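Following: one structure in C-alpha cells, then a few remarks.
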Amino acid sequence: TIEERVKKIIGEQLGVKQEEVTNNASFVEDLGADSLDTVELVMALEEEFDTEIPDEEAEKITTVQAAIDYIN
Amino acid sequence: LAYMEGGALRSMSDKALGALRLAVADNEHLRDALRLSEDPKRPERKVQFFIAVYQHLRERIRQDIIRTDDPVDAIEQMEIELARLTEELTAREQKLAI
Amino acid sequence: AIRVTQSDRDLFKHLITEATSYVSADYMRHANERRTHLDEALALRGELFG
Amino acid sequence: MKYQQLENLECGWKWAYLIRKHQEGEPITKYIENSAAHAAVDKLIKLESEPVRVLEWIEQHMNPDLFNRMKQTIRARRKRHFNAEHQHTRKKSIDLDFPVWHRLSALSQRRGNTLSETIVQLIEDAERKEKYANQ
Amino acid sequence: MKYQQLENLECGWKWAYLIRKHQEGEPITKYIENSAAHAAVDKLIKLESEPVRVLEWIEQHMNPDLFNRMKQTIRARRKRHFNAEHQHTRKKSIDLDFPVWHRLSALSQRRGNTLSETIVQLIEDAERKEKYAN
Amino acid sequence: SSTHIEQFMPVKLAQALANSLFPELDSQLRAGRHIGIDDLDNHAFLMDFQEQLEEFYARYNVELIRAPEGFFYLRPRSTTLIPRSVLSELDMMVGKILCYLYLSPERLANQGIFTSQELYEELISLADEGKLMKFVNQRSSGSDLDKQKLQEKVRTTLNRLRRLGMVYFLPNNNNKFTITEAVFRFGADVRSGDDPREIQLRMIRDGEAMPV
Amino acid sequence: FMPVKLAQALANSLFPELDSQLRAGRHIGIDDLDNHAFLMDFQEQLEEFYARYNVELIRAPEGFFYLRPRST
Ligand SMILES: *P(=O)(O)OCC(C)(C)[C@@H](O)C(=O)NCCC(=O)NCCS
C-alpha cells in the first residue's frame, strides 16, 4: 500500500530502521537525512509512484506525515 | 582517494585483486566469495567479501590474550610477542652454546 | 614459535591491507560518480519543469 | 581505445575461457601428442591463481586456431562488463518469430539502420500518432 | 500434449544436463555426505548410454530442489527441438538497447500483446501510414 | 570416478588412518587411555585430524571428546559398539587427590614427581581414615594389617590409572610418577559453580558419570 | 595414500561390528553369511590392515576367519 510503500522508500533511501520511521518522524532531525539525502528521498518517492512534484511544494515536504499527505 | 578519478581507482582495485588472488588461493569459500565479488551489477558483493576476510581473521586468533578480535589490533600484540621471542631466542642460543 | 608468529603477522597484514585497497577504491569511485550524476540530474529537472 | 584494459581481469577472463573450452572437449593445445597436451593442460590448471602467467601459457601452448575467437570473446566480455554499470547502456535480449523478424530485418536493411534504430523510428511514428491524438 | 516425447532422446538430454550441472558444481544428489554423493555421481557417469536406468537413477538419488528446473529445461529443449525443423517455426533472438526495449515493453504491457504481436501491429500500422501518405 | 577414494572415505580421514601412528593410538584409546599434552606426537596427530576421528568413531556409537583442558578420550554411549566400564570409588578418591596434587602448590618442590607414599599421606589427610578404610575391609578398626592392605589397594589403583594415562611412571622408576592434565576429569562435577545435585544429573545424563 | 579396496572394505557398514568382534577374538564361520562373505571378498586387504597391528588374519582350512596375535 501507499502508506507502507512510503516507509519502504524512506527506510531504503535513508537506511534508517522501519521502526524509526513513524508518521511524524521528520527526515532531517529524526532520520538524519541532510540536503542531498532528502533530495534523493524525494526523487525516489517520485519514481515509486511515477509522478512529478513542483519544486516549492516538494521542498515544503519535510516529514513522513507531510510526505504521505502529498503522496495520498 | 577522493581526489583521484575513476581510472586510477579501477587500476589500483585490479592490482589489489591480483594480490588477493595469490593471498586467497589456499582458501575455498573465501576464494569463491572473492570470485563472486567481481560482478559489476552487484557492488555490494565486494563489501560482503571484505566482511568475510574479517570473518576469517577473527577465527585465526591463536589464544585468549590475542583475542582483540579486531584484526588490525592484534598486529601490535603479535609484534610485541615476536620481540619477546627474540630475546628468549638469544638467551636460549647462549644456553645451548654453553 | 617465532616462525609461526611471523608468518601469521605477515599474512594478517597483507590480507588486511590488500582487502582495504581493493574495496575502498571502488567505494570512493561509486561515491564520486553518484555525486556527479546528481549534479547532472538537477539541471535537467530544472529545465524540464519550465 | 575506449575501454580501459585491466590486466588482472582480462587475464582471469582468458584463463576461465581456456578452462571452459578444455572441459568442453576442444583441443586448446597446439600439440597433437597426448602426453604433451595433457602436461600443458595440467600446467594451465596449476596457473589458476596466477593469471599473469596465463599469457605466457597462451604463447607457449595455445592452439593457433583460437586467436580470433579469443580476441573476439574477451573484447565482447569487456564491452558488456563496462556497459553493465548503468541500465541505460545495458542490452536486452528478446526473441522474435521468423515471419516478424524477417519483415523487420528486411525493413531495416531497406532503411540502412540497425534493428534498434528501426524500432526507434517505428515506435516514434506510433508515438507521433498518439501525440497528435492527444495534443 | 502437443509434442511426442521420445525416451532415448529425452533421457540423453537429461544425462547431459545432469553431467553439465555436476561439472558446474551444482549438487546433483540429495546426499550431504560427500562419499555418497560422489558414489552416485560415479554411478551416473558410468551410466551413460542408458535411458531406462538414468530415469531410475533420477528417481532414486536426484536432488529434490532440482526437479522443477530439470522438468522445465526438458520442456524447453523438447519444444525447441521440434520447432527447429522448419524455418517459419524457428525463433530469432536479437539484442535491443535498454531504452528501446523499455518503450516496446511499455507498449506491449499496455496493449496486452506479446512482443511479436506488438511489433507486427506496429509495422502494419507503419505500412498503412505509408499507403495513406502514398 | 571409480577406483577413487572420495567414493567411500574422505581423503583426510584415509590419510589419518594410514598414518604410522594410527594403530597404537587407536588401540590405546579403545583400551580407555586418555591423551594429554605430554604425548606430543599422539596429541598433535589427534589435533590435526580430530574431526575425522570423531566422525569415524561415531560409527562405533562412541564420542571422541576433547575436554576444555585439551585432553582427548572416548566416551561410549548406551548403544556403544565398544564395551564400557566405570572406575571404582577408590579410583575416584585417588583421582581427586591426584588433581589436588596437580593444583597443590605446597608440593611444588616435588616438581611434579610424586611417590605413592606421599599420595597416601595426602589421601589420609583429606579423607576419613577409618571410614575410608571401611571399604577396604568391612571389619577394619585401625588394624595395621588392614592399613597395609589399604596402602596396597591405593598402589593398585594408581597402577590402573597409569594404564589410563592419568599418570606416568618415570622412564626408569615405577615407584615415582608424574601427573597429567587428564586428571582434571575427576573434577568435572565441580568445575561448574552450581548445585552439586543438578550437575551430577547433568553429567549422568551426558554419560560422563554413572552412579554406584 | 590408502588402498582403494581397503577403503571400500573399511567404509562398509558391516565393518564396525565385525572389527569389534574380531578384536574381541571372535571366530567368523560360514554361519554368519554376511560377515563371512564380506571377509571372503575383502580378505586381501583386511589381512594387511590387521598386519599393521602385528596381528594375522587367518582363514582356517575349515573356512572360518580369526585373528592370531603375534608377540608384538
Ligand atoms: P544541500 O545543502 O547540499 O543542498 C542541495 C540543494 C538543495 C542545493 C540541491 O539539491 C538543489 O536543489 N539544487 C538546485 C537548486 C535550484 O532550485 N536550482 C534551480 C534549477 S537548476
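Residue names in the C-alpha cells use chain letters A, B, ... in the order shown, residue numbers from 1 in each chain, and ligand numbers from 1 in the order shown.
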> Near residue 25 of chain B, within 12 Å and counting only C-alpha atoms, which residues show up once chain neighbours fewer than 2 positions away are dropped, as a ChimeraX atom specification?
Replying inline: /B:17-23,27-35 /D:46-51
>> Which residues are near ligand 1 in this structure, taking near to mean any atom at most 6 Å from a ligand atom and counting only C-alpha atoms and all ligand atoms? Format them as a VMD selection string.
In response: (chain A and resid 35 to 36 39) or (chain C and resid 42 to 43 46)
Go ahead and write the selection's residues with N, CA and C atoms as a tab-separated table (two decimals), in the first residue's frame.
chain	number	residue	atom	x	y	z
A	35	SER	N	20.68	17.59	3.13
A	35	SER	CA	20.26	18.19	1.87
A	35	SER	C	20.18	17.17	0.74
A	36	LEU	N	21.33	16.59	0.37
A	36	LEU	CA	21.35	15.64	-0.73
A	36	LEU	C	20.55	14.38	-0.39
A	39	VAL	N	17.03	15.20	-0.98
A	39	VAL	CA	16.81	15.29	-2.43
A	39	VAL	C	16.62	13.90	-3.02
C	42	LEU	N	20.08	17.51	-11.64
C	42	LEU	CA	19.35	18.69	-11.19
C	42	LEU	C	19.06	19.66	-12.34
C	43	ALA	N	20.05	19.91	-13.20
C	43	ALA	CA	19.85	20.87	-14.29
C	43	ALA	C	18.78	20.39	-15.26
C	46	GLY	N	15.40	20.98	-13.70
C	46	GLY	CA	15.02	22.38	-13.73
C	46	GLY	C	14.55	22.83	-15.09
> Can you tell me, as number ranges by chain, what residues are no more than 10 Å from residue 117 of chain E when counting only C-alpha atoms, ignoring any on the same chain fewer than 5 positions away?
Replying inline: D: 96-97, 100; E: 108, 111-112, 122-123
> When the cut-off is 9 Å and we count only C-alpha atoms, which residues of chain G are near chain F, given as number ranges by chain?
Replying inline: G: 1-5, 7-8, 10-13, 16-17, 20, 52-53
>> Show me, as a PyMOL selection string, every residue of chain E with an atom at most 12 Å from chain G, counting only C-alpha atoms.
In response: chain E and resi 35-36+39
Selection from above, N, CA and C atoms, as a compact mmCIF listing (two decimals), in the first residue's frame, can you write it?
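Contents of result_38.txt, freshly written:
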# COMPACT_ATOMS: atom_id res chain seq x y z
N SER E 35 30.83 -38.71 0.37
CA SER E 35 31.10 -40.05 -0.16
C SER E 35 29.91 -40.58 -0.96
N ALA E 36 28.71 -40.49 -0.39
CA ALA E 36 27.53 -40.99 -1.09
C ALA E 36 27.26 -40.19 -2.35
N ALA E 39 29.71 -41.29 -4.96
CA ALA E 39 29.37 -42.62 -5.46
C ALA E 39 28.21 -42.55 -6.44
> Excluding same-chain residues fewer than 5 positions from residue 44 of chain G, what lies within 12 Å of it counting only C-alpha atoms, as JSON, numbers by chain?
Replying inline: {"G": [3, 4, 5, 6, 9, 38, 39, 49, 50, 51, 56, 57, 58, 59]}
>> What's the separation between atom CA of residue 73 of chain D and atom CA of residue 11 of chain D, in Å to one decimal place?
In response: 12.7 Å
Using only C-alpha atoms, which residues sit within 9 Å of segment 52-63 of chain D once same-chain residues fewer than 5 positions away are excluded, as a compact mmCIF listing (two decimals) with N, CA, C and O atoms, in the first residue's frame?
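Once everything was written out, this is around-v9.txt:
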# COMPACT_ATOMS: atom_id res chain seq x y z
N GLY B 18 44.75 -8.66 -7.87
CA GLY B 18 45.88 -9.51 -8.24
C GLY B 18 46.63 -10.00 -7.02
O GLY B 18 47.00 -11.17 -6.94
N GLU D 7 44.69 -5.65 -16.72
CA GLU D 7 45.45 -6.87 -16.98
C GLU D 7 44.98 -8.01 -16.08
O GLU D 7 44.74 -9.13 -16.56
N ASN D 8 44.83 -7.75 -14.78
CA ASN D 8 44.50 -8.82 -13.85
C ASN D 8 43.07 -9.30 -14.00
O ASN D 8 42.71 -10.33 -13.41
N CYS D 11 43.22 -11.24 -17.83
CA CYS D 11 43.95 -12.50 -17.67
C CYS D 11 43.08 -13.58 -17.04
O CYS D 11 43.08 -14.73 -17.49
N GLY D 12 42.31 -13.22 -16.00
CA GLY D 12 41.39 -14.18 -15.42
C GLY D 12 40.32 -14.61 -16.40
O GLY D 12 39.95 -15.78 -16.46
N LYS D 14 40.66 -14.77 -19.61
CA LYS D 14 41.30 -15.66 -20.56
C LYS D 14 41.50 -17.05 -19.96
O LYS D 14 41.25 -18.06 -20.63
N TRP D 15 41.93 -17.11 -18.71
CA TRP D 15 42.11 -18.41 -18.07
C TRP D 15 40.80 -19.17 -17.98
O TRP D 15 40.73 -20.37 -18.27
N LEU D 18 39.90 -20.52 -21.43
CA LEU D 18 40.66 -21.71 -21.77
C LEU D 18 40.14 -22.94 -21.03
O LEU D 18 39.96 -24.01 -21.63
N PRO D 27 40.34 -28.98 -28.43
CA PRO D 27 41.81 -29.03 -28.30
C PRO D 27 42.47 -27.66 -28.23
O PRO D 27 43.00 -27.11 -29.20
N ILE D 28 42.43 -27.06 -27.04
CA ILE D 28 43.03 -25.75 -26.86
C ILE D 28 44.52 -25.80 -27.15
O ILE D 28 45.10 -24.84 -27.67
N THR D 29 45.17 -26.91 -26.82
CA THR D 29 46.60 -27.05 -27.05
C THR D 29 46.89 -27.12 -28.55
O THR D 29 46.05 -27.51 -29.36
N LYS D 30 48.11 -26.73 -28.91
CA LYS D 30 48.60 -26.91 -30.27
C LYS D 30 49.29 -28.25 -30.48
O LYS D 30 49.79 -28.51 -31.57
N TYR D 31 49.32 -29.11 -29.46
CA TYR D 31 50.04 -30.37 -29.52
C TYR D 31 49.12 -31.49 -29.99
O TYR D 31 47.98 -31.61 -29.53
N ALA D 37 50.11 -32.52 -24.62
CA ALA D 37 48.87 -31.78 -24.46
C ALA D 37 48.36 -31.88 -23.03
O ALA D 37 47.95 -30.88 -22.42
N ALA D 40 50.55 -29.75 -20.76
CA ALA D 40 50.27 -28.32 -20.92
C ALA D 40 48.97 -27.95 -20.24
O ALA D 40 48.88 -26.91 -19.57
N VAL D 41 47.94 -28.78 -20.39
CA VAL D 41 46.66 -28.51 -19.73
C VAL D 41 46.83 -28.54 -18.22
O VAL D 41 46.24 -27.72 -17.50
N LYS D 43 49.51 -27.83 -16.52
CA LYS D 43 50.19 -26.60 -16.13
C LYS D 43 49.23 -25.42 -16.14
O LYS D 43 49.23 -24.59 -15.23
N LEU D 44 48.38 -25.35 -17.16
CA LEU D 44 47.36 -24.32 -17.19
C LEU D 44 46.46 -24.39 -15.96
O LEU D 44 46.13 -23.37 -15.36
N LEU D 47 47.98 -22.93 -13.14
CA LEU D 47 48.03 -21.47 -13.29
C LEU D 47 46.73 -20.77 -12.86
O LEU D 47 46.56 -19.58 -13.18
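Separating atom CA of residue 64 of chain G from atom CA of residue 46 of chain G is a distance of 14.5 Å.
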Determine, using only C-alpha atoms, which residues of chain E have any atom at most 9 Å from an atom of chain F, and tabulate each with its shortest atom pair and distance in Å to one decimal place, rows ordered by chain and then rising number, as a tab-separated table.
residue	atom	partner	partner_atom	distance
E:34	CA	F:6	CA	7.3
E:35	CA	F:7	CA	4.9
E:36	CA	F:7	CA	6.8
E:37	CA	F:7	CA	8.0
E:38	CA	F:7	CA	5.3
E:39	CA	F:7	CA	4.9
E:40	CA	F:7	CA	8.6
E:41	CA	F:1	CA	8.0
E:42	CA	F:1	CA	5.1
E:43	CA	F:1	CA	8.5
E:45	CA	F:1	CA	7.6
E:46	CA	F:1	CA	8.3
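Here atom CA of residue 108 of chain D and atom CA of residue 128 of chain E stand 17.4 Å from one another.
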>> List as a ChimeraX atom specification the protein and nucleic acid residues near residue 36 of chain F, meaning an atom at most 7 Å away when only C-alpha atoms are counted, but skip any in the same chain fewer than 2 places from it.
In response: /F:34,38-39,43,71,180-182
The selected residues should be written to file as a short mmCIF file (atom, residue, chain, number, x, y, z; two decimals), in the first residue's frame (atoms: C-alpha atoms).
data_model
loop_
_atom_site.label_atom_id
_atom_site.label_comp_id
_atom_site.auth_asym_id
_atom_site.auth_seq_id
_atom_site.Cartn_x
_atom_site.Cartn_y
_atom_site.Cartn_z
CA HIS F 34 43.47 -40.67 27.93
CA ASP F 38 52.86 -34.89 27.11
CA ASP F 39 52.44 -37.41 24.26
CA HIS F 43 48.37 -35.29 20.76
CA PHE F 71 42.94 -33.98 26.57
CA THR F 180 48.98 -35.44 33.60
CA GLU F 181 46.21 -32.94 32.87
CA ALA F 182 43.76 -35.78 32.22
#
> Tell me, which residues of segment 29-131 of chain D carry DSSP strand (DSSP E or B), written as a ChimeraX atom specification?
Replying inline: /D:29,62,91-97
Take the residues from that selection and put them in a file with N, CA and C atoms, as a JSON list (two decimals), in the first residue's frame.
[["chain", "number", "residue", "atom", "x", "y", "z"],
["D", 29, "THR", "N", 45.17, -26.91, -26.82],
["D", 29, "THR", "CA", 46.60, -27.05, -27.05],
["D", 29, "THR", "C", 46.89, -27.12, -28.55],
["D", 62, "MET", "N", 48.98, -22.48, -26.72],
["D", 62, "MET", "CA", 47.62, -22.23, -27.18],
["D", 62, "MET", "C", 47.50, -22.65, -28.65],
["D", 91, "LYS", "N", 22.03, -3.95, -22.55],
["D", 91, "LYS", "CA", 21.32, -4.51, -23.68],
["D", 91, "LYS", "C", 20.28, -5.50, -23.18],
["D", 92, "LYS", "N", 19.17, -5.59, -23.90],
["D", 92, "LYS", "CA", 18.10, -6.52, -23.57],
["D", 92, "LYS", "C", 17.93, -7.51, -24.72],
["D", 93, "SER", "N", 17.86, -8.78, -24.38],
["D", 93, "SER", "CA", 17.74, -9.86, -25.35],
["D", 93, "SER", "C", 16.28, -10.25, -25.47],
["D", 94, "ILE", "N", 15.78, -10.30, -26.71],
["D", 94, "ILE", "CA", 14.41, -10.71, -26.96],
["D", 94, "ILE", "C", 14.42, -11.68, -28.13],
["D", 95, "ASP", "N", 13.39, -12.50, -28.19],
["D", 95, "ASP", "CA", 13.23, -13.49, -29.24],
["D", 95, "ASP", "C", 12.03, -13.17, -30.12],
["D", 96, "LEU", "N", 12.21, -13.31, -31.43],
["D", 96, "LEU", "CA", 11.19, -12.95, -32.41],
["D", 96, "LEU", "C", 10.88, -14.13, -33.32],
["D", 97, "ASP", "N", 9.60, -14.28, -33.65],
["D", 97, "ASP", "CA", 9.17, -15.30, -34.61],
["D", 97, "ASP", "C", 9.74, -15.01, -35.99]]
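If only C-alpha atoms are the atoms counted, then among A:68, A:62, A:20, A:55 the closest residue to residue 45 of chain C is A:55.
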